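Undergrad: After the structure tokens below, expect a handful of questions from me.
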Amino acid sequence: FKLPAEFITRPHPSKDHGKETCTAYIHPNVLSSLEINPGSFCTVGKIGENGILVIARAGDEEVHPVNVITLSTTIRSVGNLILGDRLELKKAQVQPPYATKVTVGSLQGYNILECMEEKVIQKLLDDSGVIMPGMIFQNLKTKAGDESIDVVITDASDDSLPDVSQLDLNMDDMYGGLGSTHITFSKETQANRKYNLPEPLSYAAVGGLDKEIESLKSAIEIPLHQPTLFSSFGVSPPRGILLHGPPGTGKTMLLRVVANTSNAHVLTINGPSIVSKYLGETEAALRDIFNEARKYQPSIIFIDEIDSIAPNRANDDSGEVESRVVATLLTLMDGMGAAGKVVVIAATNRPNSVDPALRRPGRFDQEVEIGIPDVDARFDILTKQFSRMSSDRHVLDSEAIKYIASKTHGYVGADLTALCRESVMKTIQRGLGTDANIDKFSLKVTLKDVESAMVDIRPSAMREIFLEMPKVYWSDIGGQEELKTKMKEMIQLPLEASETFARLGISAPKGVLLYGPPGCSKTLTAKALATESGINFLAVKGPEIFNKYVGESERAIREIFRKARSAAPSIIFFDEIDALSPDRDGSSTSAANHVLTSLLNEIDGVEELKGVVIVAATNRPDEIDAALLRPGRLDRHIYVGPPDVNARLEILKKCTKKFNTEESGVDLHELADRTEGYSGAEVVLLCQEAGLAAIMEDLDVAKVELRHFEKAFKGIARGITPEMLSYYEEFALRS
Amino acid sequence: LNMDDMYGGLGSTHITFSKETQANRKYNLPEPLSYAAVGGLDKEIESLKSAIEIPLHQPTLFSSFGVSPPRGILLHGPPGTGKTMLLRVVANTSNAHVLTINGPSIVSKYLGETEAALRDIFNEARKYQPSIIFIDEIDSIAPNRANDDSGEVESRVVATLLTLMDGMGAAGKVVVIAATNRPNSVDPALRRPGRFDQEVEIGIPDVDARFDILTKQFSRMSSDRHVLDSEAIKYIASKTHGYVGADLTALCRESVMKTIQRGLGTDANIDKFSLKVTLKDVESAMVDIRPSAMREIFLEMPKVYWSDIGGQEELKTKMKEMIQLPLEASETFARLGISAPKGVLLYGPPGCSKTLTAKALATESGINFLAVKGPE
Ligand SMILES: Nc1ncnc2c1ncn2[C@@H]1O[C@H](COP(=O)(O)OP(=O)(O)OP(=O)(O)O)[C@@H](O)[C@H]1O
Ligand SMILES: Nc1ncnc2c1ncn2[C@@H]1O[C@H](COP(=O)(O)OP(=O)(O)OP(=O)(O)O)[C@@H](O)[C@H]1O
Ligand SMILES: Nc1ncnc2c1ncn2[C@@H]1O[C@H](COP(=O)(O)OP(=O)(O)O)[C@@H](O)[C@H]1O
Ligand SMILES: Nc1ncnc2c1ncn2[C@@H]1O[C@H](COP(=O)(O)OP(=O)(O)O)[C@@H](O)[C@H]1O
């Protein structure tokens, strides 16, 4: 009448020798309920992955609790059965036929074990059960020179009739004291890929965040491994650890890595399955989970999508899941014990959406920040991946890897993995289409398929962006170095002196304004800023945030600002802020005033945004509200007037570069001198319209004449009056 | 069904060898749709064939590297394009198991029932090695989280689907096909390179694709029921600049009804094959059906020849200028950097040849012309 439902694994205590393979400490009631002899085989369902790891069984001494079961570290490493998993029991399968060859692999060693061998076979098969594809044991004591050695035994050369058995366990009948089947030591084989064994996630698999992962590992290791030392201080160790970052950074991967690499008990939630219609069922389930958590001293708590599980109460008090669950989790994690050893890992995509009650120094003082990988991190990730599938399947030199990393500057580790997968599948498809069923080893991996892969896949942001790769560069634009010397320092201040700002307390005003006459270089200056910065750029313009619906503009503003906050320290730019700046003039609606107040509060009100930098562009800065025209925010003002002689000459030469200068008949200076009162846009359009005049004669031409240029000059107008220039100058004088 | 009786070892019932006709149509049995019906999407259908053949047929080659095979395939396009027909065709031609679902029928007021059904279906798919999963109307079942807080059925199903398709197995052979009307309404969580890195887009058919579809349809109903020439099909395809395959099928159907009713009215119940299908009924049907774009504003205004046009020669010269430059000067613009200003302003007194130039241009150019009335 016990009715056992789910079982939980546990390492075998006391070490020694004992069983070490078929402990299976289970209460005799469950043994009688299964109608199977205790001196026989047992199964662990572990949900799915058929094969069920048929291992022999043994009885306990009546104190071992029913729920918990022991699978030993050897089987735990063989099947990657991590702590806290659910298990099921069923009748054993047919007896194994026989074992044929069995071959050792000598994991992470240079082999040459004959000196320390000492008839390993007896040490390997001095145990009952023992599944041939998996044996992992401690080095114990082997002759002199201590050291540690491990063996890979995954490869096999036999087959079993049932397809259910994934690891095709074999029986043991050989001889040993304190000769085999044609020896067992041969070659340093790795994990067998034929059976597709689940490869454990190594601690070195993740990279590019070495400082962050080291800090996280130390912060979670010092409470568990040094509980008495921390309790001596009397301040008690916290249990909450916060993980956040942009999507695709692999936070779940590092959670899995730290769970696998830690021998302590680990617990994780399976998403919204805990949430149920019954009010008390969820509370009872959470209480039971916490009880099982602190019943054993070494325990790890993993929480995923805490934003969905614990949404902000102020943002939406829909009901059912509400602040009550936040309060009950806070009470549960506040007082499980005085010192204890418990750490809770919470991963959320949007920290702002999380309940601010969770984000408090009293409960979640320690935070871990993960950002977008840079060039070095992406290069390291690519090198790790190439080492992961080995040089036998691809050829890529270090310079090629660096070039690929530089080309894909806006990507992430998940993006790189998807790029590798798509490159592999496109290479396979090309080989199938062209080479007519050739061996895949000859074609391997090249550069053209990968280049086409990054061309086709496109960055995962799915938003329009110049990206600086296919757009205008610095050499294509000729301007004045006076503004360049200013902007380089201005945008190198935050990216390079964040620690200096933190130490000194001066911080950054984060306010820059650019005003220019119509037809001048203002959006050009913004593009130059974005190009030189080399950071993701959001193309936002004034009327874009405006919408017919009331309140939609505020929603769009909040969306773009929380996207910029999560898009690393960058620059946010407004193409035409003159649409919303004037409120007193023109009798602006209440929506414009609300948007202006919201942006005023966002720039330098109540909160400070250290990450993003606000740059604004206006067609006319004289009608702007006095609230925004305040020192501290958007204080810097640059005249950035029309291009001077050298800049105009460079622009003309760049436009004439497509043409031929020798046969053009111009010296590239007389045209600039004559076209001095025109705007930059008009100057650019002059070359195109003169080319049209030249090609008027017989369509495609190779010669341009002075009469065409004269007609082009006569047929166009500058459209700029001295009155607006005088007004713009008066704006500078008045400020 | 009827029982079998044979007199022999290792004479039938009055011979069995007679003709090589197709399946009997009197019973009107369903016919397994094949790739012959689909036409005009050769590149897209080949890409879909590759994407469905690479993981299922030879998963070991892809799994030997260790990067795991892709599991998510995304399909999207304008309504009525025929993507769901491609889904049914690949289901019929595939010998592997499929998991086509109804959609909202599974969704109920009980949150646990839907989760249990999802369990059962995905364990059924995973347990048997050859299995395919077909999911349609992705935007509904999984609305965008940022769009609205619908509640009940919400991003929880997105999370459980992601956890399901993340780790079904090491190599396996399992793919999921998602068909959505608009990719924008799809939850961005699904639209991820880790989940849906492969995207299949089936755009609106062009003139060649529409012509291929019409030819395939005519070959399907055979020449017994109609007499159409290649130039007639080409003209019909050219006239239908924006129609889709569903629109072409509707045009054929309405032409059939118009022909039937005209024959009944005039010929007084004449033989059906005598009148078959002509071109005048098709023209009347495409005129009366209204173009594919519902409530369109870029209308197809009529054309008129040059000798019916009267005006100054300077405007005609600028006309020829601005049409001859872009069509046959793209290489010149690319090499010279002139590009295309694409901006022309027409200002003048009302009622004197302001729109006459545009009308003559629509006539002469032959390119698909579109015009908008301003106040409309
Ligand atoms: N930096 C990286 N280096 C190598 N592989 C990576 C990297 N980032 C992601 N990947 C690959 O992409 C997969 C996705 O990682 P993971 O599931 O941890 O994503 P995540 O960013 O935590 O997001 P989500 O929770 O939505 O899955 C990894 O299992 C791995 O195969
Ligand atoms: N290539 C084609 N050949 C013949 N008929 C076609 C073709 N493409 C589409 N059709 C027609 O279009 C219709 C199929 O519409 P279907 O529902 O499959 O489209 P869909 O683009 O998947 O959109 P929906 O979201 O409505 O399912 C049928 O009437 C079919 O005859
Ligand atoms: N040297 C150049 N080459 C190409 N395009 C240019 C050049 N200088 C300016 N432009 C274009 O002219 C535009 C300048 O806009 P601008 O007149 O400053 O806007 P506003 O009228 O609001 O001040 C930019 O969008 C840019 O694309
Ligand atoms: N040769 C012609 N004979 C009869 N009608 C004509 C002829 N040429 C043009 N039209 C008519 O004159 C109209 C010209 O429109 P138009 O006056 O340019 O528009 P708008 O009133 O905007 O200036 C056309 O709608 C056309 O029907």
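Undergrad: Could you please tell me which pairs satisfy a Cβ distance under 6 Å, a separation of 6+ or placement on different chains, a first residue in the range A:443-460 that is within 24 Å of B:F196 (Cβ to Cβ), and a second residue that is of a type in the set (G, A, S) and in a helix (DSSP H, G or I)?
TA: If the second residue must be of a type in the set (G, A, S) and in a helix (DSSP H, G or I), the pairs left are A:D449/A:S423; A:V450/A:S423; A:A453/A:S423.
Undergrad: I've got another one for you. Output the residues belonging to the range A:267-299 that are surrounded by 13 or more Cβ atoms within 10 Å (Cβ to Cβ), among the polar types (S, T, N, Q) and more than 14 Å from chain B (Cβ to nearest Cβ).
TA: Within the range A:267-299, A:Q297, A:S299 meet the criteria.
Undergrad: Can you pull out the residues in the range B:61-85 that are farther than 27 Å from A:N437 by Cβ and either more than 14 Å from chain A (Cβ to nearest Cβ) or away from ligand 1 (no atom under 16 Å from the Cβ) (or both)?
TA: Residues satisfying the conditions are B:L74, B:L75, B:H76, B:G77, B:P78, B:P79, B:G80, B:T81, B:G82, B:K83, B:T84, B:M85.
Undergrad: Would you be able to say whether some residue in the range A:477-485 is more than 16 Å from ligand 1 (Cβ to nearest atom), within 13 Å of chain B (Cβ to nearest Cβ) and touching a helix residue (DSSP H, G or I) at 6+ places or on another chain (Cβ under 6 Å)?
TA: Scanning the range A:477-485, I find no residue that is more than 16 Å from ligand 1 (Cβ to nearest atom), within 13 Å of chain B (Cβ to nearest Cβ) and touching a helix residue (DSSP H, G or I) at 6+ places or on another chain (Cβ under 6 Å), so the answer is no.
Undergrad: Quick check, is B:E44 at negative phi, more than 14 Å from chain A (Cβ to nearest Cβ) and of a type outside the set (S, T, Y)?
TA: Criteria met by B:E44.
Undergrad: Within the range A:510-529, can one find any residue that is exposed (fewer than 13 other Cβ atoms within 10 Å of the Cβ) and either under 26 Å from the mean Cα position of the chain (by Cα) or among the polar types (S, T, N, Q) (or both)?
TA: Looking for residues that are exposed (fewer than 13 other Cβ atoms within 10 Å of the Cβ) and either under 26 Å from the mean Cα position of the chain (by Cα) or among the polar types (S, T, N, Q) (or both), one finds none in the range A:510-529, hence no.
Undergrad: Moving to a separate point now. Would you call B:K216 over 30 Å from A:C420 (Cα atoms), of a type in the set (K, R) and in contact with a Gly (Cβ under 6 Å, 6 or more places away or on another chain)?
TA: Yes, satisfied.
Undergrad: Report, by residue number, each residue of the range A:175-217 that is loosely packed, with under 13 Cβ neighbours inside 10 Å, of a type outside the set (D, E, K, R) and within 21 Å of the chain's Cα centre (by Cα).
TA: A:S202, A:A204
Undergrad: Right, something else. I'd like to check something: does the range B:89-106 contain any residue that is surrounded by fewer than 16 Cβ atoms within 10 Å (Cβ to Cβ) and either within 14 Å of chain A (Cβ to nearest Cβ) or within 16 Å of ligand 4 (Cβ to nearest atom) (or both)?
TA: no
Undergrad: Within the range B:239-269, can you find the residues that are more than 22 Å from B:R295 (Cβ to Cβ) and in contact with a helix residue (DSSP H, G or I) (Cβ under 6 Å, 6 or more places away or on another chain)?
TA: B:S255, B:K258, B:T259, B:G263
Undergrad: Please go through (1) within 15 Å of ligand 3 (Cβ to nearest atom); (2) of a type outside the set (K, R); (3) buried (at least 18 other Cβ atoms within 10 Å of the Cβ) for A:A694 and return the number of the only condition it doesn't satisfy.
TA: (1)
Undergrad: Look at A:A205 and say whether it is within 13 Å of chain B (Cβ to nearest Cβ), in contact with an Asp or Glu (Cβ under 8 Å, 6 or more places away or on another chain) and in a loop (DSSP other than H, G, I, E, B).
TA: Considered against the rule, which asks whether it is within 13 Å of chain B (Cβ to nearest Cβ), in contact with an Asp or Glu (Cβ under 8 Å, 6 or more places away or on another chain) and in a loop (DSSP other than H, G, I, E, B), A:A205 comes out as no.
Undergrad: Look through B:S353, B:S330, B:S365 and report the one residue that is farther than 26 Å from B:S238 by Cβ and either within 16 Å of ligand 1 (Cβ to nearest atom) or among the polar types (S, T, N, Q) (or both).
TA: From the options B:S353, B:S330, B:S365, the qualifying one is B:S353.
Undergrad: Being among the β-branched types (V, I, T), more than 30 Å from B:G169 (Cβ to Cβ) and touching a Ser or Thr at 6+ places or on another chain (Cβ under 7 Å) is the requirement here; does A:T189 meet it?
TA: When the stated conditions are applied, A:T189 does not pass them.
Undergrad: Further question: What is the number of the single condition among (1) of a type in the set (A, V, I, L, M); (2) assigned to a loop (DSSP other than H, G, I, E, B); (3) within 13 Å of another protein chain (Cβ to nearest Cβ) that B:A116 does not meet?
TA: The number of the failed condition is (2).
Undergrad: Among residues belonging to the range A:363-391 that are β-branched (V, I, T) and crowded, with 16+ Cβ neighbours inside 10 Å, point out the one that is nearest to A:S218 (Cα to Cα).
TA: Here the residue is A:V368.
Undergrad: Checking the condition within 13 Å of chain B (Cβ to nearest Cβ), surrounded by fewer than 19 Cβ atoms within 10 Å (Cβ to Cβ), in a helix (DSSP H, G or I) and in contact with a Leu (Cβ under 7 Å, 6 or more places away or on another chain), which residue from A:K653, A:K657 passes?
TA: From the options A:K653, A:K657, the qualifying one is A:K653.
Undergrad: May I pose another question? For residues in the range A:564-607 being within 16 Å of ligand 1 (Cβ to nearest atom) and hydrophobic (A, V, I, L, M, F, W, C), which is farthest from the other protein chains (Cβ to nearest Cβ)?
TA: By that ranking, first place goes to A:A568.
Undergrad: Which residue out of B:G72, B:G66, B:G77 is closer than 21 Å to B:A237 by Cβ and either within 16 Å of ligand 3 (Cβ to nearest atom) or not β-branched (V, I, T) (or both)?
TA: Sole residue among the options that is closer than 21 Å to B:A237 by Cβ and either within 16 Å of ligand 3 (Cβ to nearest atom) or not β-branched (V, I, T) (or both): B:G77.
Undergrad: Under 9 Å between Cβ atoms, at least 6 apart or on separate chains: pull out the pairs that start in the range A:706-717 with a residue that is within 12 Å of A:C687 (Cα to Cα) and end on any residue that is in a loop (DSSP other than H, G, I, E, B) and acidic (D, E).
TA: Close Cβ pairs (under 9 Å, with a partner that is in a loop (DSSP other than H, G, I, E, B) and acidic (D, E)) amount to A:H708/A:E697.
Undergrad: Just checking, which of B:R156, B:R119, B:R145, B:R126 is of a type in the set (D, E, K, R), under 25 Å from B:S63 (Cα atoms) and more than 16 Å from ligand 4 (Cβ to nearest atom)?
TA: Just a single option satisfies the conditions, and that option is B:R126.
Undergrad: Here is a check on your reading of the model: is B:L315 surrounded by 14 or more Cβ atoms within 10 Å (Cβ to Cβ), more than 14 Å from every other protein chain (Cβ to nearest Cβ) and under 32 Å from the mean Cα position of the chain (by Cα)?
TA: So B:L315 does not fit the description; no.
Undergrad: One residue is enough: does the range A:224-232 have a residue meeting the conditions farther than 30 Å from A:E49 by Cα, away from ligand 1 (no atom under 16 Å from the Cβ) and in a loop (DSSP other than H, G, I, E, B)?
TA: Yes, because at least one residue in the range A:224-232 is farther than 30 Å from A:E49 by Cα, away from ligand 1 (no atom under 16 Å from the Cβ) and in a loop (DSSP other than H, G, I, E, B).
Undergrad: Is it the case that some residue within the range A:338-348 is of a type in the set (K, R) and more than 30 Å from A:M462 (Cβ to Cβ)?
TA: yes
Undergrad: Residue by residue through the range B:54-80, note down the ones that are touching a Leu at 6+ places or on another chain (Cβ under 9 Å) and either of a type in the set (S, T, Y) or assigned to a helix (DSSP H, G or I) (or both).
TA: Within the range B:54-80, B:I54 is the sole residue that qualifies.
Undergrad: Right, another one. Suppose we keep only residues that are assigned to a loop (DSSP other than H, G, I, E, B) and touching a helix residue (DSSP H, G or I) at 6+ places or on another chain (Cβ under 8 Å) within the range B:188-202. Which one would you say is farthest from the other protein chains (Cβ to nearest Cβ)?
TA: B:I202
Undergrad: Output the residues belonging to the range B:179-199 that are more than 16 Å from B:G80 (Cα to Cα) and within 16 Å of ligand 2 (Cβ to nearest atom).
TA: Result: B:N184, B:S185, B:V186, B:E199.
Undergrad: Of all residues in the range A:556-577, which are assigned to a loop (DSSP other than H, G, I, E, B) and farther than 14 Å from A:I535 by Cβ?
TA: A:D575, A:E576
Using ideal geometry, Cβ is built from the backbone for each residue, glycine included, and neighbour counts are taken over all protein chains shown. Any read-out appearing in this document is the output of simple, stated calculations on the displayed coordinates, not a laboratory observation.
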